[PDB]
Structures are given as C-alpha cells and as structure tokens.
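Novice: Here it is, the structure in full.
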Amino acid sequence: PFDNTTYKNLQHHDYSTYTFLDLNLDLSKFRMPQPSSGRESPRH
Amino acid sequence: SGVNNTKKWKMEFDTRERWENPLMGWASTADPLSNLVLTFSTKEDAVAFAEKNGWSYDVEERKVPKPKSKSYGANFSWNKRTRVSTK
C-alpha cells in the first residue's frame, strides 16, 4: 500500500559515536588498491 | 626587496681611522675623503674618472640576480618534494 504519510528516515535516531567510522572500517574490504606517488611522503 | 639602489656604479675610497673625541666622545677623523662617493652610469665611466685623477682602484663586477623558475603549481606536486605542507 502506497503510504505518503510516514517518515521513513528513522534509522539515524539510533546512530552513535562511531557509526561513521565503523562503516568506514566495514567498507575497507571493498576498496581498490590505492595508487602510489612513489615515496612515503613529500618529506622523503 | 626594492632594487632601485643597485642601478648605478659607485666609487668610494678606503676607510681610515676614526677616533673618539676626548671632550664629547664624538667620532673624529683626519681623512678628507671619508664621505666622498661618486656616481657613474657605467663601469667604464668610473674607471676613466679614476685613471685621470691618479687613483689606484679595484673594480668589482656587477652582480645581477639569477633568473629563477617560479611556479605556483609546484606547491601541490603529486610526487615531488616541492609539495608544501602549509600555506
């Protein structure tokens, strides 16, 4: 049944202090290998 | 940073004794040429003036700043050391 009367974005009511970084940690297995500039840092 | 005082050639003379005046402590001198500074357009003009007046002289070649390669973009290099850590 099409219902245009209820707010469906209520998950964020339960987000906590590490939700964003926990998700970032979860996503780490999906990422392509990062490119390289050829040195550890500009100071090397 | 202004360069306007590096345009002309100067001729000056060797520094001689200055001593303290006993009464006041002022800087006394017996060198009449202590303040003499002449201005010349070119090195050749200065040398010619020194020769005709009988002064031995040293000529120092003009120092011109090296031409530099400046690039704002280098501050953000992908893989070079010129990348700056702060602005």
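Ligands are numbered from 1 in the order shown, residues from 1 within each chain, and chains are lettered A, B, ... in the order they appear in the structure tokens.
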Which residues of chain A are close to chain B, meaning at most 7 Å apart when you count only C-alpha atoms, and how do they look as a PyMOL selection string?
Specialist: chain A and resi 37-38+42-43
Novice: Write to file, as a JSON list (two decimals), in the first residue's frame, the residues of the selection just made, with C-alpha atoms.
Specialist:
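Result file is out_1.json:
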[["chain", "number", "residue", "atom", "x", "y", "z"],
["A", 37, "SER", "CA", 53.23, 8.57, -5.50],
["A", 38, "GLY", "CA", 56.43, 6.50, -5.29],
["A", 42, "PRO", "CA", 56.87, 14.62, 0.34],
["A", 43, "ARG", "CA", 59.43, 14.82, 3.15]]
Novice: Tell me which protein, DNA and RNA residues are within 12 Å of range 54-67 of chain B, counting only C-alpha atoms, leaving out same-chain ones fewer than 2 positions away, and put them as a PyMOL selection string.
Specialist: chain B and resi 3+6-14+42-52+69-70
Novice: What is the CA of residue 24 in chain A-CA of residue 36 in chain A distance in Å, reported with one decimal?
Specialist: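 Computing it gives 20.9 Å between the two atoms.
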Novice: Name the residues of chain A that come out as alpha helix (DSSP H) in a backbone DSSP run; write them as a list in words.
Specialist: residues 19, 20, 21, 22, 23, 24, 25, 26 and 27 of chain A
Novice: Using only N, CA, C and O atoms, please write the residues we just selected to a file, as a short mmCIF file (atom, residue, chain, number, x, y, z; two decimals), in the first residue's frame.
Specialist:
data_model
loop_
_atom_site.label_atom_id
_atom_site.label_comp_id
_atom_site.auth_asym_id
_atom_site.auth_seq_id
_atom_site.Cartn_x
_atom_site.Cartn_y
_atom_site.Cartn_z
N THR A 19 29.47 5.29 14.51
CA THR A 19 28.74 4.72 13.38
C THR A 19 29.46 5.01 12.07
O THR A 19 29.66 4.12 11.24
N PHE A 20 29.88 6.26 11.86
CA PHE A 20 30.51 6.63 10.60
C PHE A 20 31.83 5.90 10.40
O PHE A 20 32.11 5.39 9.32
N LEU A 21 32.65 5.85 11.45
CA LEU A 21 33.96 5.21 11.31
C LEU A 21 33.85 3.69 11.32
O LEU A 21 34.67 3.01 10.71
N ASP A 22 32.84 3.15 12.01
CA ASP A 22 32.59 1.71 11.92
C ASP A 22 32.20 1.32 10.50
O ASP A 22 32.65 0.29 9.99
N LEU A 23 31.36 2.13 9.85
CA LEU A 23 31.02 1.87 8.45
C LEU A 23 32.24 2.01 7.56
O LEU A 23 32.44 1.20 6.64
N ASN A 24 33.07 3.02 7.80
CA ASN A 24 34.30 3.18 7.03
C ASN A 24 35.20 1.97 7.19
O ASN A 24 35.82 1.51 6.23
N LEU A 25 35.29 1.44 8.41
CA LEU A 25 36.06 0.22 8.63
C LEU A 25 35.43 -0.96 7.91
O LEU A 25 36.15 -1.82 7.37
N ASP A 26 34.10 -1.03 7.88
CA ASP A 26 33.42 -2.12 7.19
C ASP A 26 33.68 -2.06 5.69
O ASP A 26 33.85 -3.10 5.05
N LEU A 27 33.71 -0.86 5.12
CA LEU A 27 33.89 -0.71 3.68
C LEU A 27 35.30 -1.04 3.22
O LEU A 27 35.51 -1.19 2.01
#
Novice: Please, what distance in Å, to one decimal, runs between CA of residue 10 in chain A and CA of residue 29 in chain A?
Specialist: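 Interatomic distance here is 27.4 Å.
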Novice: For the atom pair CA of residue 16 in chain B and CA of residue 4 in chain B, what is the interatomic distance in Å to one decimal place?
Specialist: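 Spanning CA of residue 16 in chain B to CA of residue 4 in chain B is a straight-line distance of 28.8 Å.
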